Structures are given as C-alpha cells and as structure tokens.
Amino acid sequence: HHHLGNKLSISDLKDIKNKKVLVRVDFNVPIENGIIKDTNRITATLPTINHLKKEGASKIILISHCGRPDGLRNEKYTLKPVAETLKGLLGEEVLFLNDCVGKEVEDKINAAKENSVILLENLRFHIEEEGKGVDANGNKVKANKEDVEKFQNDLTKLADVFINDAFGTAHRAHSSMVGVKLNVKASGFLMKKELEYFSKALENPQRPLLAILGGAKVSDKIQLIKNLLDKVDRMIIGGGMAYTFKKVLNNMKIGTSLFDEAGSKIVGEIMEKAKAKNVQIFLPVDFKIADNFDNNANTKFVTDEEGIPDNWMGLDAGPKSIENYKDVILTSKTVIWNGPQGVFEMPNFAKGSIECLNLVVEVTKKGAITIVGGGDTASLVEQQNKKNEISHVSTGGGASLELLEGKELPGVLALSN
C-alpha cells in the first residue's frame, strides 16, 4: 500500500504529440499593486511547460488558484499578472482568459496558436472548485452536487491529457485535484520530485531515519509526532516544544518559557509510544536563556538539571545540546526536518537552528537523503541560501504537513499508476 512512488510522471509520457494538455499549477504568489513580489512558484513550472512544447503538444492549458476568494470573483486574486510574468519567462505571447470554464473559453483555446500557452482564470472564483464558498454577504454557502460534477466535466473536456504539478494542494479533494477524469493523468517535474523524495523518506526508507521537530507549540503537532513515531528510528524535539516535555517528564523549572497546556496532556502517551515503536527521542539537555523576549536582553546558559530561573525564558538550545546533534544527525541516512530549534529570527538565539542546518548539510554530502518541509524551516534555508545543499526543500506546506501526519493525498491518488 505504497502510493507515493508507483505514480506515472510527465517524464514517462510518449504519446504527447499533437495532444492538448491541461496542467494544474501552483500560482499562489505574493503581489503588491499589480506587480509580483516573488516569482519562484511561477519559475518552477517552466520545466513542465518547456517539456510539453518540445514533445509537440498542441496546446498547453494552465489552471491554478490565488488566495481564498471563496467562490466569488475578487479583484485582489486575479492571476492576470502571472500571464504577464510568464510572457517574459517563455519568450511568447500568453493568452489569458477571464474564466476557467465554459463556451467562450473552449473556443478561445482551439483558436490560439499551435504549441501555445493559455492561462485560465483563478479556479476558486467558482464555488465548485473547493465545493464550498462564501456569498456577497459573508455567509457560508455549499455548492450543488450536480454543479460540482458538471464543473469537473467542463474541466475534463478542455484537454486530452492531464498533468498535476501542484503538490501543495494535493491534500485537498478539490475539483482540479480529483475531478479531471482524463485517461492519462501524470505528475509534472515539480510533483514528481516531491513524490520521489517523500517516497524515499516514507516508503522503504534507508535507515536510520531521523525526524527533527521544533517550533513553539506541541498541540499544533500531535498527529505529526504520533504518526512519525510509527515511521522513524530517531527524533529530535526542540524549539519551544522542548519546555513542555521537560516540565512534564522532568518537572524542570522553566520560568517564563512557553508552556503548551494542551500539548502537555499528550507528552505521556507520546513517550509510552516512542518506546513501543523503538524510536530514540532526543531532547535538549541545556538552554540559552533570556531575561526578556528581545535580541538585546541579558542571556545565560543553564543545564536541564539546573533549570530555568523565574522570569527568565529559554529561547535556544545550549552548547551541550548542539554538540549532541552530531552523532544523531551525522549517523542517519534519511533526515526529515520540520521545525526550528530556537528563536532563529533573533541573531543571539539563531545558533541552535544554524548549527542544526550545518549538520544536515554535512550529512547530505556524506550521502544521506535530507528533506525540509514547513515554512519556518524553509525560511531558515533561504536566509542561509542553502536550498541546493539539501536533497529536497518542500514547496507544499499544508500538503507536506498532512502527508507527514499519515494522510493519503487525494491529488496524488488521482494520478495514473
């Protein structure tokens, strides 16, 4: 029952010549006053688009969403500008249509240049994409069952072949993800790479497999921890999470450290389970503490045996803990990393997370498969400009998290084998 590896990709398609191809892309980009702040998400689709041209596809039709317009046309979330950026990246005129479905759309595709690129309007302008939405009044509305089916058929007849290149939405069972009922359904280069790497980490992984977890809350991350406990051999738990585990397990004094009241109730069974499932759990054994949540506050180092004084708070793992990472990380053959090890946005408490990155980068050179999912950790990698030193940095946010929680991804399952 391994559904990540066995899926057909664009790379394995032979009969693409003269066919029209519908491609689901992630174009959820930042934008100020009509100009696109970051292009990476647009830029990432290029290999998929380019390959379809080279192989002689008749027409390339791009569908995507922007933000949460909740089933209504909203000016802020028009993806017209993405056709303007795409214009430069391809060196061609790119046809943009005010709709994603219907009569005028169907003809305007078949009329444009052979081998040309068409970008359709935001899919979520239609309630039927998510299956639910909001009306002009702010009230929740559900889409009709016949309308959703029709909308899926409307999308289905736009092309002959379907390419999903949007892993970041594969966790939703939306119309664009599961409703394109074409014979040939394949992952794009972006989706393929995402599937390959998560397949390696989660399905017959090369072991020891290590998960490195951090962040502020435990409660946000119960299902993540519980599920990973079934898969991994080793787990680091750091960041703000550590103080909750330390308070429950050791009755450590934590001063004004972040304490997760909700998550603390789960610490017991997480540990009873780590034992049952043969997982080694590593928690920090010392801490860098600050007298105020500020980069310029007075700081100090304390061991877990010493504990944290009153009104002081732990904001980073201490030197002993950072030293403990070495054997844990450098001796694994697969690493999944989702969560900072301290408040890294502040330079004086960035060291724990930075040295953790250095170690993950070092073991990748040794041969280990290393994955970063999650936004915060990705921000760290981007800041250090070390993206290409990691085996894979996941774009998917909600989806990667949901896959790590053990959920099957509808968008992935709806691909051909």
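Counting begins at 1, following the sequence as shown.
Student: Which is higher on mean Cα B factor in this entry, 365-373 or 50-58?
Tutor: Looking at the recorded C-alpha B-factors, 50-58 comes out higher on average.
Student: Once you work out the mean C-alpha B-factor for both 352-360 and 24-32 from the entry, which is higher?
Tutor: So the stretch with the higher mean C-alpha B-factor is 24-32.
Student: Highest recorded C-alpha temperature factor, please, choosing from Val328, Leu315, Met191, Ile118.
Tutor: The listed residue with the largest C-alpha B-factor is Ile118.
Student: Highest CA temperature factor in the entry: which of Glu106, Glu261, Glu196, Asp230?
Tutor: Comparing C-alpha B-factors across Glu106, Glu261, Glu196, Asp230, the top value belongs to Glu106.
Student: Give the position of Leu4 by CA B-factor within its chain, expressed as the lowest, middle or highest third.
Tutor: Within its chain, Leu4 is a highest-third residue by C-alpha B-factor, going by the deposited values.
Student: If you rank the chain by CA B-factor, which third does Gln206 end up in: lowest, middle or highest?
Tutor: It belongs to the middle third of the chain when residues are ordered by C-alpha B-factor.
Student: Which third of the chain does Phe167 land in by C-alpha B-factor: lowest, middle or highest?
Tutor: CA B-factor rank for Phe167: lowest third.
Student: Using the B-factor values recorded in the entry, state whether the Cα atom of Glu75 falls in the lowest, middle or highest third among the modelled residues of its chain.
Tutor: It falls in the top third of the chain.
Student: Considering every modelled residue of the chain and its Cα B-factor in the PDB entry, is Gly255 in the lowest, middle or highest third?
Tutor: Middle third of the chain for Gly255's C-alpha B-factor.
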